[PDB]
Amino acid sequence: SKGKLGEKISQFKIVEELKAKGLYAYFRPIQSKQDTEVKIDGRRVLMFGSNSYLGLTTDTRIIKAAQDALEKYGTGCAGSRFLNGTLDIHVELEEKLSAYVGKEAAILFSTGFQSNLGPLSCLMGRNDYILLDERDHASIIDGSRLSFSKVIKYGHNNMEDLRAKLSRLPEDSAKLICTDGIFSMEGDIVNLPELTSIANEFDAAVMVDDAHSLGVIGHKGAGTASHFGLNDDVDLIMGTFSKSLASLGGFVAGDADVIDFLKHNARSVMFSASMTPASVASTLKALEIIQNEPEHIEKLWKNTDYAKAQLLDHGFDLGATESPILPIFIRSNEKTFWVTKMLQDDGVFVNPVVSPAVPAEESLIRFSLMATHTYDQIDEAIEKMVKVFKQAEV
């Protein structure tokens, strides 16, 4: 029955207002591959809003690997990994990821989101604590809320605040610190050296979410611990397959004993169907390409360095990025919606960040690079972004 339910959704007017103003730019149906240009309503649009940092969702070797796994294994596993849903290829991908990030063992999950729900829900319990950077990804906060522990947020990359909050806690309690590696809103990197120095002083577990780091930072893209040399100070390396690795799913890697506990105790793997064969095979082939062909990472960074220089040279106000995520400040929700829509209509796809995710005065568009971008495409998008920022009076 719908009386109270209708009242619960009654105040949510922003979508109807964006649509009626002709500003609504969400859920655009793309008609093509995710690539440097996409097709929407039959036309071509430059894509600067993707997480496919290495451009690999169009790699024919990865497409064929997935098609071959469909041929051999079919469309789905139709069960949980612990029962009837494990394939030989899931185990192969766990062994290959463990080798890649330098850990004993790994467990896959069917999404990146569920990869954070698993360890955050089941390791810390009653009388224990989870410490979260306040800018951590939504799946980390949600995973931590599914624990029976006390969740404490600390200021963004604020090591004095982390240390102070750890200092207040009972000695006879377990603690876990969970952080994004690269944070996707400003593209900044966690202070892993100081965070792990603090974790060691308080004997806190460390988990790093490398969604935006794998294929981006670290030796051969192996992530944030690799970038800092701190593999031995990080208990759990989490990653996703939905960004550089061109697929869907994620993993948690760490010591065999911890991984054995997770794979039998995390509800998000015990009670959810396993990755499809096609996604396992595409992740395996993408992982082989990222390591064997260094050109993908190198050009991602050539594009990132070029576009960042060009944006700063044209006088854009950039956030404190250290990654291929170039946050461009607009500082008005209304201008951010207007710029986003006018750019889409003019052939450029960027992603808006608006209230209530951020304050109006910090509203921005995210311009993300892919290894497959050309300097001509970057130049075309920046020319159009100068024109639209002119029209919008930013």
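Residue numbers run from 1 along the displayed sequence.
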| item | value |
| --- | --- |
| Greater mean Cα temperature factor according to the PDB record, 291-299 or 215-223 | 291-299 |
| Average Cα temperature factor in the PDB entry - higher stretch of 381-389, 19-27 | 381-389 |
| Maximum C-alpha temperature factor, selected from 244, 310, 115, 282 | 310 |
| Of the residues 368, 67, 32, 52, the one carrying the largest Cα B-factor as recorded | 32 |
| Position of residue 72 among the chain's modelled residues by C-alpha B-factor, lowest, middle or highest third | middle |
| Chain third (lowest, middle, highest) by recorded CA B-factor, residue given as residue 250 | lowest |
| Chain-relative CA temperature factor third for residue 167 | highest |
| Residue 148 - which third its CA temperature factor falls in, relative to the rest of the chain | middle |
| Position of residue 119 among the chain's modelled residues by C-alpha B-factor, lowest, middle or highest third | lowest |
